[PDB]
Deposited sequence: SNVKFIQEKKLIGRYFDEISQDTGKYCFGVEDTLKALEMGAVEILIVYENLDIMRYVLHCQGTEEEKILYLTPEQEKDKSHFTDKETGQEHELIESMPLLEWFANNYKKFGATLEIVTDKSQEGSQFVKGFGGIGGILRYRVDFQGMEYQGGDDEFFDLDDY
């Protein structure tokens, strides 16, 4: 309904050269952990899996996003359950609209409106 208002808003940050946007798994995660994502925009059929993996000899732990195992889950589901800890409101969306289609075809179905400008150096 207003899928298109939010993604429009997202696109405007790009078009207005604000730097207050992020896209893809790495920038978005990194941005989330700096407290910088205001709205987190995610494609509802996002295909990325979040694998929790064991490191061979050690009793240490290593996470991995892909497209011996400890736990596996869709990152979307991971976002749904865990987004409030970065705060960060969450908007799941679809590609049956034109704004949503470009988001998915062109921005990888994952991105955010940002509180402040971030580097990603």
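- According to the record, no C-alpha positions are given for deposited positions 1-5, 73-91, 146-162, numbered from 1.
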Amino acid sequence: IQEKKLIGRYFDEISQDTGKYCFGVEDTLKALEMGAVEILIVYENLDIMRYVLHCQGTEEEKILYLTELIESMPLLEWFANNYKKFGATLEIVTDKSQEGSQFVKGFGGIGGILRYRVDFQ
From here on, numbers count along this sequence of modelled residues.
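- In this entry, 96-104 shows the higher mean Cα temperature factor of the pair 16-24 and 96-104.
- Relative to one another, 27-35 and 80-88 have unequal mean CA B-factors, and 80-88 is the one with the higher figure.
- Per the deposited record, the Cα B-factor of residue 55 falls in the middle third when ranked against the other modelled residues of its chain.
- When the CA B factors of the chain's modelled residues are split into thirds, the value for residue 75 lands in the lowest one.
- Sort the modelled residues of the chain by CA B factor and residue 66 lands in the highest third.
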